[PDB]
Amino acid sequence: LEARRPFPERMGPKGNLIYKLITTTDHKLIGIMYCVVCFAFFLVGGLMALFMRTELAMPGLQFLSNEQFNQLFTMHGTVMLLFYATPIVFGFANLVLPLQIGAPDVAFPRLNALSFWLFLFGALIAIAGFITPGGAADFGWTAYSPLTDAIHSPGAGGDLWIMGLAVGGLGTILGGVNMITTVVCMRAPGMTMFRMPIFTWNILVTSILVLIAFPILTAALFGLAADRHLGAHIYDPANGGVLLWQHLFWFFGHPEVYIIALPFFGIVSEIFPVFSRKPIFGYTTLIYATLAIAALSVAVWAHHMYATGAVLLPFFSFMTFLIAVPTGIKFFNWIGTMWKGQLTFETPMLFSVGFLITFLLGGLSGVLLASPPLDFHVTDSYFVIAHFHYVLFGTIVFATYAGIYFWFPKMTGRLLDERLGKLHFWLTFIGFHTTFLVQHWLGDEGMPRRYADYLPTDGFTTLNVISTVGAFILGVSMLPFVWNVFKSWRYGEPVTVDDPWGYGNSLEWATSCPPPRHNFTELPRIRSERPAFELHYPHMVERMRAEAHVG
Amino acid sequence: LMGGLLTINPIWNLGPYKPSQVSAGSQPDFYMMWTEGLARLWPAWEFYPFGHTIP
Amino acid sequence: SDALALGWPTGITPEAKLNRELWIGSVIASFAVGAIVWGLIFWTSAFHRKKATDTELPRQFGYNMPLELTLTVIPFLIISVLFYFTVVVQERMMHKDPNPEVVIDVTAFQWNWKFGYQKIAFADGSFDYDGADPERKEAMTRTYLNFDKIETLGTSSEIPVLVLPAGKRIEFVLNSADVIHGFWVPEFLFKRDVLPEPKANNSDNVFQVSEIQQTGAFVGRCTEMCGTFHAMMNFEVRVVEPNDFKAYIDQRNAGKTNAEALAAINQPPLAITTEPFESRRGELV
Amino acid sequence: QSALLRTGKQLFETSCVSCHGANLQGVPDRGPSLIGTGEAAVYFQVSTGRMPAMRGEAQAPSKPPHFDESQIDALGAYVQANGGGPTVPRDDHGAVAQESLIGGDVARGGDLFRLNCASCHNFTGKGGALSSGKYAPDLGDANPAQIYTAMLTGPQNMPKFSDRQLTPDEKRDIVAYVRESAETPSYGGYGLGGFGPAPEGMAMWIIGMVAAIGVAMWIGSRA
Amino acid sequence: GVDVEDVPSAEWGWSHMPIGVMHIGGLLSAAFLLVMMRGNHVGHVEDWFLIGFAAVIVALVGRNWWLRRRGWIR
Amino acid sequence: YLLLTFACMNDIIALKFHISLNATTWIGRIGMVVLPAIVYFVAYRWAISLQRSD
Amino acid sequence: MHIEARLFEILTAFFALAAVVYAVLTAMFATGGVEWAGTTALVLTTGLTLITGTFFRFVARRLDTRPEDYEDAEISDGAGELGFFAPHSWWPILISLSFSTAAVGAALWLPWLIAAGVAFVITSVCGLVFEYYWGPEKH
Ligand code: HEA
Ligand code: HEA
Ligand SMILES: CCCCCCCCCCCCCCCC(=O)O[C@H](COC(=O)CCCCCCC[C@@H](C)CCCCCCCCC)COP(=O)(O)O[C@H]1[C@H](O)[C@H](O)[C@@H](O)[C@@H](O)[C@@H]1O
Ligand SMILES: CC(C)=CCC/C(C)=C/CC/C(C)=C/CC/C(C)=C/CC/C(C)=C/CC/C(C)=C/CC/C(C)=C/CC1=C(C)C(=O)c2ccccc2C1=O
Ligand code: HEC
Ligand code: HEC
Ligand SMILES: [Ca+2]
Ligand SMILES: [Cu+2]
Ligand SMILES: [Cu+2]
Ligand SMILES: [Cu+2]
Ligand SMILES: [Cu+2]
């Protein structure tokens, strides 16, 4: 009989990690660092949101001034969108994409570390605007043209914001280049492009979207910096400067939201088959839906601009409905995947269903927003706030947590606790709905977004109180997750097998937990989209080839 | 090359020393700065024992 | 009927009425779609779970081609219906009939408004006033800004009360001194962005209301971030009957403030739907 | 001219009434009163770009201007009539004096600048930090009229040097000194920002010792 | 004294510092931060920063001492 | 030493890299206690990690 | 790599249609005529996808089938040496710090800091590019 340890080594010795952190080219460690730093930035942005909600609880100005609340919503939106979501996308990519295609590494392993450090330092540069006496940027995360001039908002927080965004964008572009090259020309011998998982497809197309979007934002930010430090007149209102900035920024910004939407669609498309005990429904249909969404995401931007009166409404309205269709195809494919399975609702599956419900209501609100006549009433109100919070929280929070609970055993070799997982999920779900289901009603009555203060005659008091209660529930819900991760990194139940979820796919469940350096001591013969499942249950292969087609 | 291409201590701009006037950027050479730095940060702790002062 | 609007105030203009009808129908359709999809989700989550008596993995089916074709066709027709209604309503809402009864030169400057009464031409031939003031305009060569005689300046301690008649076709021309502001009157169920240079940026700064069914007081707010006091920029619209409106305009022709003429026409002099904001930065100041 | 006052009033009502109250009476917790400040004060605060301010913080920073020369002059005339205070000096042609404000005594100007001005700026007007988020800005970008109106109507935490405390000739000499300091070259090489031993130590550590250590690494061996 | 499994080249140089010195130094530094609260300053945000840093230093010291007490750190 | 040297220069640092001078003084006061400890910890761990690399 | 070039060709076609349709639909029916902002971005998005896909198609036409692109292939087909991958490096963090120094200089507009940041960027990029080519010190 074999010799083992009564419990695996909780932590390494002194000097086990810091040099690796400084000099790693391992995509797994880079993904880990991405996830940790992104969650820390998420904590900072959520603290900003908590301050905002506490101010908005009561109709006066109890502790924040106007300027501070403006800075709070600006930097909170910026931190949540750009210093947490896109980097967490690249973190998940770094964690599991080389594994999913049977590859030993990323294509340009030093460029990967460069992208991570550009992320970290650009995010810190943009946040450092708080140390300035004037405070950080206070013109929203959208940063419209005349208000971002040197005259309006003359402080240095705006400049630090612009340049930190530029550095983070360079890091993001380099990461996208790395991921596309890795996907294109480092796969395993059996891994044809129509055999890679949905996550790999989504990361590839997301990196293409990054390459399209982020350079335009970099150009616009360089133009704005030239305007502010040189008196350029690039965005002067006397030219088309106002609408020029709006066009450039939204041509960035809607591709950005689909950049942060597609990979988590891929993550849930990975997770559903594992806990449904059946293949992903419509594999090629899902690929075509992803491709259509990415294509349509580039030519829809000006639906963020219906209120200016300066854009062609029919073109962007029709394009927005047309881009809404493939996401519905995706939900019907996910329903088909769950359909007629053996569902065991372990924590990643629970967060995937939370994703389904949340992003469903968010998509309904979005197609409401697509219509220019309705957007005329509801734009720049909390109906928009509730809409994009529902979609961003279904996608970048629920699916991020599902991915973490899924791939934590694979990356660490230890299992997070299920009871804490259920507690944290239910806390997050209840808190989210409590704090965001009434902002629809708030915005429809006439409370505009980005207001630091209202009046008791406005009627905005009860719903703001309910939203602040829900925001504090969401803040409280982060204690179980942080505790779970902190305890289970070291004292979590060990994983000594491949595939701690049993019915996994996508070739990362055909290697140890954690995988070794260079990711693979063997590769199985790849014949289908789910090689690990047919490696662990060979008697099913025939059945998978006989029952695959309902019609 | 440095003595040619970099200006150090241009004392005509500073002017002669008069005890009644001072400039904003009063700093010693770098090797002494820590001394002045230690004077900036120490938090104004003084003692007055029996009719005397320890500044 | 009253709860499906999700907070949408009943409009005071016919365009707002049609927009609210469209919103309620769209909410009905979206709730129907959401009910279907949530029903599928909860049907699969409640039943279809794992049970003690299954040892064989399910049917490994991952393709139902006719169902995929049907479920791809259906969203296209749904969005087609929504697009048709959307285009009809939107063309109904941006019309700009070339003969408004009243023209208001809405000027939005940083954290207040200015209403001008550029031109008033009643259809029935009962009142006429040409407030267009080109002398001060050329003296202010910001030439894009429109100046009028009977202005209504709001101050950090006074909320401007836009006085309009009832049932007369009104027009708003929106211009901004420095930055983008937001013209929103939640009762109009419509808003627009007040841009600095509308013509250079190719913007429709002019929008028209066919008529206002109700005589009353309505709050208006800025709905584009403009700086620190973006929440401190409220205004009010008081829709009075045309006779009281003509009396107010006559009292304005003689040198008098807005409050003086409003009290002269038997109205409260200040804003009643919104009190002014304390210029104090807060409570611990 | 009264049309000057009319256009100045129109400019003030669409750009300054908020934070200033439409009658130059201060708006509480938003800004001060503007009665008695003077056309010189208005000229400084607008031509330097500081006004209009966009928010309240430790210091109102310098910005690009928001009004042309004649618009600044009209706003100044309006505030002067509604107020009563100092005015911008003007030359024979009736324009704001620019070249007729520079004196001929630069040693007197230097002594006055070091006693009165160099306390908060540098020896050469490079700027110095103040108590809590405030600072004395750079004097490099300031025409003689801007310096004159600055020292004559104390902008913000800058003490007001009245026409008796600093007579116009002494103000002219200080203006001359500031202009000469801004426009003069450096004789010993690239002036390291004119801030003294801090940039000099930085240049030593990053250009001198880096070069020395690189040369030693080239000459010597490793391990 | 220390072994070469934790510090590989412990035979080549001074590689162990007594835990008591770091514990006492942390507590003394927290005390210094606390002492800096009394002074000639009128602001109080810096007071919150001083209290927070003293709290985190004391928390780290107490955590380390407790874990070494129970043998979780050997 | 570096912290004291840059604290000496906090006026120019606050003028160029816009920061409150009081904020720089308080950062220096907290730092001249916190930063040495952080640097000790990081340097000790880094040296042991270099040994492990060898 | 037929499928990669096919994806980029499909994207190029759709983007060309979007750009041309937008240009025609705003030349007429838009206030200022051609929008001149969305049209440029869409045209050069077509250019981006066209460059990538056309290069991939030149690669794929002269390329014999790889194991990755050939269904029903064995793992043993992929045996041999893969290329070179850097085991470790501390140059990326220095490159990022140099770019951050230059970005801070440009944010606050300190020309000396911009110059120093660019010098650091050049030095650190030299270190990264030269890392695996420096030969033994010749003594
Ligand atoms: C990534 C997407 C994302 C996420 C996850 C969030 C998270 C949250 N957001 Fe935000 N939000 C945006 C995207 C997002 N937001 C965008 C794009 C804007 C626009 C900004 C702009 O207008 O410019 C915005 C702005 C915005 C508004 C609009 C305000 C206004 O316009 O007036 C509101 C309204 O309530 C809001 C609330 C919240 C709340 C309660 C959460 C909660 O879900 C957060 C829950 C997490 C926490 C509460 C953390 C708990 C904190 C602790 C446990 C303390 C410990 C921390 C440390 C020790 C460091 N945020
Ligand atoms: C995760 C990121 C994300 C995603 C995926 C989306 C997806 C969509 N969004 Fe939006 N959106 C944002 C992030 C996102 N959005 C952000 C951050 C803002 C505010 C930015 C700011 O101002 O700061 C915003 C604001 C925004 C605007 C700008 C309006 C305004 O500013 O007032 C519009 C306009 O059309 C819009 C609509 C849509 C539509 C139609 C979809 C569609 O893709 C949704 C499609 C999904 C469904 C429709 C549900 C599933 C479909 C079915 C089940 C089929 C049946 C459905 C039908 C038959 C219709 N959202
Ligand atoms: C070794 C290279 C040095 C050159 C050596 C060759 C020298 C030979 C002759 C010298 C020629 C210079 C003429 C003397 C004239 C002169 O000195 O040139 C300055 C020009 O401008 C600048 O400085 C910007 C220059 C940009 C490059 C500077 C290079 C800096 C290097 C040395 C960086 C080292 C520091 C490292 C940083 C560390 C990084 C972090 C670790 C003054 O500009 P000026 O037009 O007078 O305006 C002033 C305004 O600073 C002011 O804001 C205001 O406008 C005015 O008041 C005036 O003072
Ligand atoms: C003590 C403290 C809080 C300092 C904060 C100041 C600061 C770094 C503000 C930037 C915002 C922050 C904190 C960003 C953090 C994100 C990151 C990782 C940034 C990395 C880039 C960094 C740290 C840049 C700053 C580097 C720095 C502080 C250098 C010292 C600055 C000094 C005093 C330089 C000396 C110097 C001065 C002052 C000149 O005027 C001059 C003029 C002409 C030629 C040369 C010089 C010269 O060398
Ligand atoms: C709120 C943000 C304001 C706006 C809008 C305007 N001003 Fe103002 N004013 C404000 C502050 C916070 C201060 C003190 C800070 C400072 O830099 O002085 C001032 C002061 C002035 C002054 C100088 C007062 C003096 O004693 O001389 C002037 C001449 C002045 N303000 C004029 C002015 C003009 C012309 C404006 C419209 C362009 C204007 N202010 C707008 C606050 C605010
Ligand atoms: C207190 C410190 C002083 C003293 C004693 C002097 N200056 Fe000034 N200065 C100071 C501040 C805080 C400001 C900013 C004012 C504001 O933002 O409203 C200024 C401004 C100036 C300017 C204008 C700067 C520009 O053009 O961008 C000039 C030209 C100026 N100060 C010159 C000057 C002179 C000549 C002095 C001696 C008589 C002097 N200052 C003293 C701070 C302070
Ligand atoms: Ca409040
Ligand atoms: Cu969009
Ligand atoms: Cu808007
Ligand atoms: Cu506004
Ligand atoms: Cu506003």
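Residues numbered from 1 in each chain as written, not as in the entry; some residues may be left out. Chains lettered and ligands numbered in written order. Part of a larger assembly, values for the part shown. Heavy atoms only, no water.

Engineer: Would you mind going over the overall build of chain E in detail, with residue names and values included?
Structural biologist: Helix and strand content of chain E: two helices and zero strands. Here the C-alpha radius of gyration of chain E, 17 Å, is well above what a compact globule of 74 residues would show, namely 11 Å. With respect to the principal axes defined by its C-alpha atoms, chain E has extents near 55 × 30 × 15 Å. Counting only residues that meet the buried cut, chain E has 24% of its 74 residues in that class. (Helix = DSSP H or I, 4+ residues; strand = E, 2+ residues; numbered from the N terminus. Rg over C-alpha atoms; globule rule 2.2 N^0.38 Å. Buried < 20%, exposed > 50% of the residue type's maximum accessible area, 1.4 Å probe, protein only.)

Engineer: I'd like a rundown of the interface of chain C and chain A, residues and numbers included.
Structural biologist: Reports often express the size of an interface as the amount of accessible area lost when the parts come together. At the junction of the two partners, chain C supplies 88 residues and chain A supplies 103 residues. Each partner contributes to the roughly 8700 Å² buried at the junction of chain C and chain A, and carbon and sulfur atoms together form 67% of this total. Of all residues in chain C, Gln60(C), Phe61(C) and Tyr63(C) give up the largest surface area on contact with chain A, accounting jointly for 9% of the area buried on that side. In this assembly, chain C and chain A are joined by four salt bridges. A salt bridge links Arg450(A) to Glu224(C), with the nearest nitrogen and oxygen atoms 3.9 Å apart. (Contact = heavy atoms within 4.5 Å. Buried area = accessible area lost by both parts, 1.4 Å probe. Salt bridge = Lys/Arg side-chain N within 4 Å of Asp/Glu carboxyl O.)

Engineer: Lay out the arrangement of the chains in plain terms, naming residues and giving numbers.
Structural biologist: No other pair of the 14 pairs of chains in contact has as many contacts as chains A and C. As for chain B relative to chain A, no contact occurs, and the smallest C-alpha gap between them is 19 Å. Separated throughout, chain C and chain F approach each other most closely at a C-alpha pair spaced 20 Å apart.

Engineer: Outline the pattern of salt bridges, listing residues and values.
Structural biologist: Taken as a whole, this structure holds 36 salt bridges over all chains when the rule is applied. Across the pair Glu278(C) and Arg280(C) runs a salt bridge whose closest N-O atoms are separated by 3.5 Å. Classification of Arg280(C) by relative accessible area gives partly exposed; the value is 33%. Through salt bridges with shared partners, one network takes in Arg187(A), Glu4(G), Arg66(G), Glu68(G) and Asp69(G).

Engineer: An account of the site of ligand 4 is requested, with residue identities and associated values reported.
Structural biologist: Taken together, the neighbourhood of ligand 4 is formed by 16 residues, with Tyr190(D), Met202(D), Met9(F), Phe17(F) and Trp112(G) sitting nearest. Chains contributing residues to the immediate surroundings of ligand 4 are chains A, D, F and G. Computed on the free molecule, ligand 4 has an accessible area of 1000 Å², of which 77% lies beneath the protein chains in the complex. Elements that contribute at least two residues to the shell around ligand 4 include exactly α4 (109–127) of chain A, α7 (197–219) of chain D together with α2 (10–16) of chain F. (Near = heavy atom within 4 Å. Areas by Shrake-Rupley, 256 points an atom, 1.4 Å probe, with all protein chains shown as cover.)

Engineer: A description of the site of ligand 3 should follow, citing residues and the corresponding values.
Structural biologist: Surrounding ligand 3, one finds 13 residues, the nearest of these being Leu5(B), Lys126(D), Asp138(D), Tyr190(D) and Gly191(D). In this structure, ligand 3 is bordered by residues of chains B, D and G. Take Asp138(D): an N or O atom from its side chain is 3.1 Å from an oxygen atom of ligand 3. In this structure, an oxygen atom belonging to ligand 3 sits 3.2 Å away from a main-chain N or O atom of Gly191(D). For ligand 3, whose accessible area on its own is 1300 Å², the fraction buried by protein is 55%. When contributions to the shell around ligand 3 are tallied by element, the ones reaching two or more residues are β3 (190–191) and α7 of chain D together with α4 (111–130) of chain G. Residue contributions to the shell around ligand 3 peak at three residues, all from α4(G). (Polar contact = N/O pair within 3.5 Å; in protein donor to acceptor, adjacent residues only side chain to side chain.)

Engineer: Break down the coordination of the iron atom of ligand 1 for me, with residues and values.
Structural biologist: Residues and elements named next belong to chain A. With distances of 2.3 to 2.5 Å, the protein atoms coordinating the iron atom of ligand 1 are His76 (NE2) and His389 (NE2). Taken together, the six donor atoms surrounding the iron atom of ligand 1 define angles of 83 to 177° at the centre, an arrangement classified as octahedral. Here the residue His76 occupies a position in helix α3 (residues 66–100), and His389 occupies one in helix α13 (residues 382–412), the gap between them amounting to 313 residues. (Donors = N, O, S within 2.8 Å, 3.2 Å for Na, K, Ca; no water. Tetrahedral: all angles 85-135°; square planar, octahedral: opposite > 155°, others 65-115°.)

Engineer: Can you explain the UniProt feature "binding site: Fe(II)-heme a 2" (unreviewed entry) in chain A? Please cite residues and give values.
Structural biologist: Residue and element names in this part refer to chain A. Residues given the UniProt feature "binding site: Fe(II)-heme a 2" (unreviewed entry) here are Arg53, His76, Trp141, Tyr382, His389, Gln439, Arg449 and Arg450. If near-sequence neighbours (up to four positions away) are discounted, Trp141 is found in contact with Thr74, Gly77, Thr78, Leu81, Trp161, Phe249, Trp250 and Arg450. In contact with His389, not counting residues within four places along its chain, are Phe432 and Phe436. (UniProt positions renumbered as here; feature names shortened; annotations may be inferred.)

Engineer: So what's going on with the UniProt feature "binding site: Cu(2+) 2" (unreviewed entry) in chain A? Which residues, and what values?
Structural biologist: The UniProt record marks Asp380(A) with the feature "binding site: Cu(2+) 2" (unreviewed entry), using the residue numbering of this structure. Within the secondary structure layout, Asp380(A) lies in the loop between α12 (372–378) and α13. Ignoring any residue separated from it by four or fewer positions in sequence, one finds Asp380(A) in contact with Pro448(A), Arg449(A), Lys191(C), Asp193(C), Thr223(C) and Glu224(C).

Engineer: Pulling in residues and values, what's your account of the interface of chain B and chain F?
Structural biologist: Each partner contributes to the interface: chain B provides 15 residues, whereas chain F provides 13 residues. Between chain B and chain F, roughly 1200 Å² of surface is buried when both sides are summed, and carbon and sulfur atoms account for 69% of that area. Counting the contacts that link chain B with chain F gives one salt bridge. A salt bridge links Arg40(B) to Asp11(F); the shortest N-O distance between them is 3.9 Å. The residue inventory of the side of chain B that touches chain F, partitioned by class, reads ten nonpolar, three polar and two charged. (Nonpolar A, V, L, I, M, F, W, Y, C, P; charged D, E, K, R; others polar.)

Engineer: Can you tell me about the packing of aromatic side chains, naming the residues and giving the values?
Structural biologist: Going through the model one piece at a time under the given rule, you end up with 106 aromatic pairs over all chains. Look at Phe398(A) and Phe432(A): their rings are 6.4 Å apart centre to centre, the planes differ by 90°, and that puts the pair in the edge-to-face class. Of the two residues, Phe398(A) sits in helix α13 while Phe432(A) sits in helix α14 (residues 418–436), which places them 34 residues apart along the sequence. Stacked on the ring of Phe486(A), the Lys or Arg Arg490(A) has its end atom at 4.3 Å from the ring centre. Positioned above the aromatic ring of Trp26(F), the side-chain terminus of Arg29(F) is 4.7 Å from the ring centre. (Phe/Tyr/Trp six-rings, centres within 6.5 Å; stacked < 30°, edge-to-face > 60°. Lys NZ or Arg CZ within 6 Å of the ring centre and 35° of its normal.)

Engineer: So what's going on with the coordination of the copper ion (ligand 10)? Which residues, and what values?
Structural biologist: All names here are of chain C. Protein coordination of the copper ion (ligand 10) is provided by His181 (ND1), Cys222 (SG), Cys226 (SG) and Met233 (SD), with donor distances spanning 2.3 to 2.6 Å. Its four donor atoms give the copper ion (ligand 10) angles of 87 to 130° at the centre, a pattern that matches the tetrahedral case. Counting residues between consecutive donors of the copper ion (ligand 10) along the chain gives the motif H-x40-C-x3-C-x6-M. Separating the copper ion (ligand 10) from the copper ion (ligand 11) is a distance of 1.9 Å, and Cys222 supplies a donor atom to each of them.

Engineer: Which residues make up the environment of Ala532(A), and what values do they have?
Structural biologist: All names here are of chain A. With respect to the helices and strands, the residue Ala532 is situated in helix α18 (residues 531–536). Since its relative accessible area comes to 0%, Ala532 is described here as buried. In this structure, the C-alpha to C-alpha distance between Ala532 and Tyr503, residues 29 residues apart in sequence, is 8.3 Å.

Engineer: I'd like a description of helix α3 (residues 21–53) of chain F, backed by residues and values.
Structural biologist: Taken as a whole, α3(F) carries its principal kink of about 50° at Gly31(F). When we look at burial in α3(F), the residues that qualify are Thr24(F), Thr25(F), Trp26(F), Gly28(F), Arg29(F), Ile30(F), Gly31(F), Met32(F), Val33(F), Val34(F), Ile48(F) and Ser49(F). Check the buried side of α3(F) and you find it contacts α1 (18–23) of chain A, α3 (30–41) of chain B, α1 (19–35) and α2 (45–70) of chain E together with α1 (2–8) and α2 of chain F. In this structure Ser20(F) caps α3(F), since a side-chain oxygen of it lies 3.2 Å from the backbone nitrogen of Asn22(F). (Bend = angle between axes of the 7 residues up to and from the residue.)

Engineer: Can you tell me about the pairing of strand β12 (residues 235–239) of chain C, naming the residues and giving the values?
Structural biologist: Residue and element names in this part refer to chain C. Counted residue by residue, β12 has five buried out of five residues, so it is predominantly covered. Burial of β12 is two-sided: the residues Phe235, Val237 and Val239 facing one way and the residues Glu236 and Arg238 facing the other way are all buried. Pairing of strand β11 (residues 217–220) with β12, which is carried by four bridges, proceeds in the antiparallel orientation. When the bridges of β12 are listed, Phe218 appears paired with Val237. (Pairing = 2+ DSSP bridges.)

Engineer: Quick rundown of the side chain of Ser276(A)? Include the residues and the values.
Structural biologist: As for its position among the elements, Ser276(A) is in helix α8 (residues 262–276). A relative accessible area of 0% places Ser276(A) in the buried class. At a separation of 2.8 Å, a polar atom in the side chain of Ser276(A) contacts the main-chain carbonyl oxygen of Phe272(A). Apart from the residues lying within four places of it in its own chain, the contact partners of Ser276(A) are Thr337(A), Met338(A), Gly341(A), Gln342(A), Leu343(A) and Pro58(C).

Engineer: Any chance you could break down empty space enclosed by the protein for me, citing the residues and the numbers?
Structural biologist: Residues and elements named next belong to chain A. Its volume calculated, the largest cavity comes out at about 140 Å³. Forming the walls of the largest cavity are 16 residues, and the residues nearest its centre are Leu82, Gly168, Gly169, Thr172 and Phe214. Elements represented by at least two residues in the lining of the largest cavity include exactly α3, α4, α5 (156–185) and α6 (198–230). By residue class, the composition of the lining of the largest cavity is ten nonpolar, six polar and no charged. (1 Å grid on protein atoms, 1.4 Å probe; cavity = no way out; pocket = protein on both sides within 12 Å on 5 of 7 lines; lining within 4 Å. Points joined across faces, edges and corners; volume = space filled by probe spheres on them.)

Engineer: Which residues make up the nonpolar core, and what values go with them?
Structural biologist: Within the largest apolar cluster, 292 residues are counted, with the highest numbers of intra-cluster contacts made by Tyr117(C) and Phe172(C). With 20 residues, α3(A) is the largest single contributor of residues to this core. Counting 22 residues, the second largest nonpolar core, distinct from the first, contains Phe147(C), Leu11(D), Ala145(D) and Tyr148(D). (Core = buried A, V, L, I, M, F, W, Y, C linked by side-chain atoms within 4.5 Å.)

Engineer: Residues and numbers for the sheet that holds strand β6 (residues 161–164) of chain C, please.
Structural biologist: Residue and element names in this part refer to chain C. Spatially, three strands are ordered β6-β12-β11 in an open sheet, and the strand pairing comes out mixed. In this open sheet, the two edge strands, each paired with only one partner strand, are β6 and β11. Across the sheet, the mean angle separating the axes of adjacent strands is 25° when strand polarity is ignored. Relative to β12, β6 runs parallel, the two sharing four bridges. (Axes fitted to C-alpha atoms, helices over the stretch in contact; angles between N-to-C directions.)

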